[PDB]
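Q: Got an experimental structure here, sequence first:
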Amino acid sequence: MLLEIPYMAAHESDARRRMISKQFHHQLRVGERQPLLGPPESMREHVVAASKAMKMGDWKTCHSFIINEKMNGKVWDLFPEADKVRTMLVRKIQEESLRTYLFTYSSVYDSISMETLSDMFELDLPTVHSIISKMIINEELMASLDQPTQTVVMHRXXXXXXXXXXXXXXXXXXXXXXXXX
Amino acid sequence: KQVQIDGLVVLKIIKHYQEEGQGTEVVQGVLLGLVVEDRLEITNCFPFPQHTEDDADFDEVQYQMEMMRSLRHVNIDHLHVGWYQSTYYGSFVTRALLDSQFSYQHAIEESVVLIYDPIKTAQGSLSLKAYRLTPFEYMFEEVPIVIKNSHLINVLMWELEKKXXXXXXX
Amino acid sequence: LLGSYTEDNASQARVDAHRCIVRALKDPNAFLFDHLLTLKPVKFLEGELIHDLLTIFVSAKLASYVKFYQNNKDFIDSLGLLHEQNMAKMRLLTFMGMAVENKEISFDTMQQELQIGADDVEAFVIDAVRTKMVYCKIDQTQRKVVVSXXXXXXXXXXXXXXXXXXXXXXXXXXXX
Amino acid sequence: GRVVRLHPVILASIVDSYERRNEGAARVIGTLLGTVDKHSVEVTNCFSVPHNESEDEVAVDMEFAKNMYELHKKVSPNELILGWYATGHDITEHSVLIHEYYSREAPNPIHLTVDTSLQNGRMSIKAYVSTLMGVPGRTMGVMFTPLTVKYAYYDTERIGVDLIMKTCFXXXXXXXXXXXXXXXXXXXXXXXXXXXXXXXXXXXXXXXXXXXXXXXXXXXXXXXXXXXXXXX
Amino acid sequence: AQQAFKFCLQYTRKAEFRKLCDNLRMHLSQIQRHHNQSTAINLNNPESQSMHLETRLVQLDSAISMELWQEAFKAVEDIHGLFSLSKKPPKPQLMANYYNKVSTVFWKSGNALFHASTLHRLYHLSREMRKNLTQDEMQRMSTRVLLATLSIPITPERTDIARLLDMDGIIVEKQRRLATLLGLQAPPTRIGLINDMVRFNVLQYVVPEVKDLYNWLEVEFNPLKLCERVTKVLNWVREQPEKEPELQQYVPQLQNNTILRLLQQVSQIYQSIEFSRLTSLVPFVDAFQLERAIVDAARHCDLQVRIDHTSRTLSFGXXXXXXXXXXXXXXXXXXXXXXXXXXXXXXXXXX
């Protein structure tokens, strides 16, 4: 979940910088195509609800659901350190959910506030700015951050994109030439 | 008053009448289109099946409803603006045809009756007319029919013997 | 509607003119009152209240009503609830007066003449009666509204020009 | 089959079908009727179909085919269901799959593309039947065979066409314009998603050298750009 | 069978209950095959069916009580298919319990239209029985039914899109068969369902506050006054023991509907409104939850927005481009109005 969700979301974003596979992804797909959607009972359904909650950007809901799926399962109760892992997972989920949020909502948002985002994801700014900048640089996202005012920018580039397309076309042509030969 | 008849409407009416003529059974159908201003646009038609019944009561409302619904999935989605028939008798021989028109007029007072003659229609001479009832007086009168074709349609028609945004704006 | 009202004014008893004036000034499609005001029956001094209403709806703004409210049936309008339909119309007519003088209208000026909240202001501009009356572009960043018998004459001239323009466009299409 | 003849009515019917919607981007689909029992397929009538395309997938109304055909049969049993048409102007990626659907009604399926935009004067029609040449040592692969077309008319229609060419010899549209304006007021995001799509198509082609899919995507992107220009 | 199901409920044997149900399915499939064979149970006979139907009814009940909702939904169609074959009517007692179960299933299912339908089916059936019945229940049930219909997610479909593609929603609903399954001629809209709510019998026993709410939101909705009206109306519901109970469980969807309407109306009123003002204009649980709602409304295409977090402003549409196509869209509307007006004038000409 933690691994494949932000990469899925981005794909939903359609930036498609990288492709990632997340376990239990197939099960989630089956649920979506299900005629009936019940409130979670089996553990995979609690995990599932946590996933969709991550998609919509409610991290609190997601954290809640894992316990709810877990409680019937007793899955997290079988570890001696369970508290520690609860808080640790709470943090990692905070991070990845912040990522997911940013991925899905960058379409309609041209600009952002690191202070508000920091408070609302319960993630200190040092983490926020880091995650966002890292990701943007890694995915080649047309996004710009002013560290001084702590603000972000998106929704752009056209000229560059066209240049890329041209390159691809050239490649295809070369291939055809091979066959012709 | 003017009835504008489209390319497919005119060709379907001539085709159907001639097919009807081989049958020896009179052919009727419905005209689809738009009442614009006084003027009426006939953009398409469809044939009604041959009935044992003559003139009025010929119409099959189950056939009509099915055909209209299936066309609607089709783009045109156009009001029934009247009916066409092929009737041999001339001139103005039959009383019975007119009453049909009264039924159409009661449904929609703007309705038009077109009559085509598939036997006397010959190259250089289409024999067709369009009528409405009058509102010692005569019962009905005839309005001349013009033809509307797009530039695309004109090019298409020229393949015989070959040797959308715009329309909206207009 | 002007036709129907003029025909009625010139056939009905003079006693029916006050009600006709209330009807005209409450009618959703009517913004021009000059032809009605100019009617000889309309002209008469005795229907002083009616004449005042005509001046108010033919020539004045919302401000002019406020100035004269103690001598016009503002109170009667309040009792009736007629005024709000009338109040709305006078505010619409005020926008028309402003647009005659200037094709760019600052929000601050409108609000004072409007006597309405700036946030609301756009809503009032937004409302359809206003839209039919006026076509304009709202500039929130610059806080302005760009709004590009006597009036009828001018309108006529415009219409003629408009037709010519449309013809040009059609001609081009026909060519293609 | 060696060749195809098409009646002028079919050309005009396809154009009329396309015209009512008033969509440049949209491609309309329907049924053709006539006689395919000889080496010359004669296309003599047609009717429109409800049709929608989402992504690769497209929906055709099977019940509509059966119900309209049944009425056609009551008018004239001589005009058999022999294939389908669309407004093109070119073969599309989904066409071999759509063609497999029409095969159920009749076989072999025949596809008439009617270029209702009429970019090329010589042909308003391209005709195809599905067949596979095959590869030795490998399973046969389906493909469209291009058949020559001519426009021909029975006497009735000849008379009709000559009569029509004698002199030579809006709310929906407004709504469409509004939609175009809305697209324009949004085109910065649709640009960036058409840039990606274009790249995708290129990728597909590369794989082929999938290729067809990529090509289709590229075409779609181009179409979307053209529609943006027309709106402007 | 009845004994077996009671066993499953009493000992929470959920895994076995599911298997029990499947066994019952296999048994019934056999009978149709069996019927051709001699000595087969006669699915033509009413007593035989009444027994089978009675079992499936209980299957639905236990399913709900064991919170096995997916199994519940499967058992509902099991029940449905038997009712179609059914000649003799079921006991209204056992039938009303059935509908009272469907309301729970569909509340959990998130299918609010089916939820309200099931409520209505139960109300129509509980009105008859008891022959003498409490009026205090008719009060709360009718109110519940009505509130659940106001509380339904907006069914509105865009005009521009529909003509071109006839497309609305995501769109996909795997519980679509169920509408046909409830003897409904077709899936309804919330406006349609409401009209039944609109009808006096639902209205007559309906608490007054809800009728007012319906006015405030569905009849004459004005953002500049909605907050006040709701503030004065919400006190009354809380005080009532029964009204509050009906109300407590619909707070969320109701709030969603109201806020959706506020966002749409603000989209109509403004072009670029301050984030402070927009959030301020419509009440929210939290400022950030309000932003969440606004984006959700945008994704479901009830509004198009661009949110600039830098300046704290929201725009309901590069800058000049967005103004140009807004102008075009205004001009178009103006033309339409003029055209329509001309038509009206034609009539005046005759006068």
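A: Received the coordinates, thanks. Numbering: from 1, shown residues only, chains lettered A, B, ... in the order given.

Q: what ranges do the helices span in chain A?
A: If you assign secondary structure with DSSP state H, the helices in chain A sit at A:4-13, A:25-32, A:43-56, A:59-73, A:82-105, A:114-121, A:125-139, A:158-180.

Q: Show me what counts as buried in the first one.
A: By 16 or more other Cβ atoms under 10 Å in any protein chain shown, the buried positions in helix A:4-13 come out as A:4-11, A:13. Yep, even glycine has a C-beta here, placed from its N, CA and C like the rest.

Q: The third one now?
A: For helix A:43-56, burial by neighbour count (16+ other Cβ under 10 Å) applies to A:43, A:45-56.

Q: Now do it against helix A:82-105: the angle between them, please.
A: Orientation of helix A:43-56 against helix A:82-105 (axes from the mean of the first three to the mean of the last three Cα atoms, to 10 degrees) gives an angle of 50 degrees.

Q: ok, residue C:5 - how many residues close by?
A: Using other Cβ atoms under 10 Å in any protein chain shown, residue C:5 has 19 neighbouring residues.

Q: returning to what we had before: could I get the helices of chain A in CSV, plus columns for distance to chain E?
A: Rendered in CSV, the data for those read as follows (distance: least, Cβ to the nearest Cβ, whole Å):
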stretch, distance to chain E
helix A:4-13, 11
helix A:25-32, 8
helix A:43-56, 8
helix A:59-73, 10
helix A:82-105, 6
helix A:114-121, 5
helix A:125-139, 13
helix A:158-180, 11
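
Q: Setting aside sequence neighbours, what's the nearest residue to the residue in chain C positioned nearest to chain A?
A: Chain A sits closest to residue C:141 of chain C, with a gap of 14.6 Å, by Cβ to the nearest Cβ. On the basis of Cβ to Cβ, 6 or more residues apart in numbering or on different chains, the spatially nearest residue to residue C:141 that is not a chain neighbour turns out to be residue E:272, at 6.9 Å.

Q: who's in contact with that neighbour?
A: If a contact means Cβ atoms under 8 Å, 6 or more residues apart in numbering or on different chains, then residue E:272 has C:140-141, E:313-316 as its contacts.

Q: 10 Å - rerun?
A: For residue E:272, the set of contacting residues under the criterion of Cβ atoms under 10 Å, 6 or more residues apart in numbering or on different chains consists of C:122, C:138-141, E:278, E:306, E:308, E:311, E:313-317, E:322.

Q: Next: residue A:61.
A: Shown here is residue A:61, whose contacts under the criterion Cβ under 10 Å, 6+ apart are A:49-50, A:52-54, A:97.

Q: ok, now with 7 Å
A: Residue A:61 makes contact with residue A:53, according to Cβ atoms under 7 Å, 6 or more residues apart in numbering or on different chains.

Q: before we move on, the earlier item: and which of the buried residues of helix A:43-56 is nearest residue C:2?
A: For the buried residues of helix A:43-56, the closest approach to residue C:2 (Cβ to Cβ) belongs to residue A:56, at 56.9 Å.

Q: For chain C, which residue gets nearest to chain E?
A: Counting by Cβ to the nearest Cβ, chain C gets nearest to chain E through residue C:140 (4.1 Å).

Q: The closest residue in space to that residue that isn't next to it in sequence bridge partners, please.
A: The spatially closest residue to residue C:140, leaving aside those adjacent along the chain, is residue E:272, at 4.1 Å (Cβ to Cβ, 6+ apart). With DSSP bridges applied, the residues forming beta bridges to residue E:272 are residue E:315.

Q: Roughly how far does residue E:272 sit from residue B:23?
A: Shown here: residue E:272 relative to residue B:23, a distance of 68 Å by Cβ to Cβ, to the nearest Å.

Q: Let me know the outermost residue of chain D.
A: Using Cα atoms, centre = their mean, the residue of chain D lying farthest from its centre is residue D:137. It sits 34.3 Å away.

Q: how close does that one get to residue E:305?
A: When Cβ to Cβ is applied, the distance between residue D:137 and residue E:305 equals 59 Å.

Q: go on, residue C:24?
A: The value you get for residue C:24 to residue E:305, if Cβ to Cβ is used, is 42 Å.

Q: again, but for residue B:153
A: Relative to residue E:305, residue B:153 is positioned 44 Å away (Cβ to Cβ).

Q: When those two are compared, which one has more neighbours?
A: Between residue B:153 and residue E:305, counting by other Cβ under 10 Å, residue B:153 is the more crowded of the two (22 against 18).

Q: Could you tell me how far the more buried one is located from residue E:8?
A: Using Cβ to Cβ, we find residue B:153 at a distance of 72 Å from residue E:8.

Q: which residues touch residue B:112?
A: Contacts of residue B:112 (Cβ under 7 Å, 6+ apart): B:3, B:31, B:40, B:81-82, B:130, B:132.

Q: Closest one to chain C out of these, please.
A: Taking Cβ to the nearest Cβ as the measure, chain C sits nearest to residue B:40 out of the contacts of residue B:112, at 21.7 Å.

Q: Could you give the bridge partners of the closest one?
A: Residue B:40 has the following beta-bridge partners by DSSP bridges: residue B:3, residue B:35.

Q: ok, the nearest residue to residue A:150 once chain neighbours are set aside to chain C distance?
A: Ranked by Cβ to Cβ, 6+ apart and with sequence neighbours excluded, the top spatial neighbour of residue A:150 is residue A:114, at 4.2 Å. For residue A:114, the distance to chain C (Cβ to the nearest Cβ, to the nearest Å) stands at 25 Å.

Q: No further questions, thank you.
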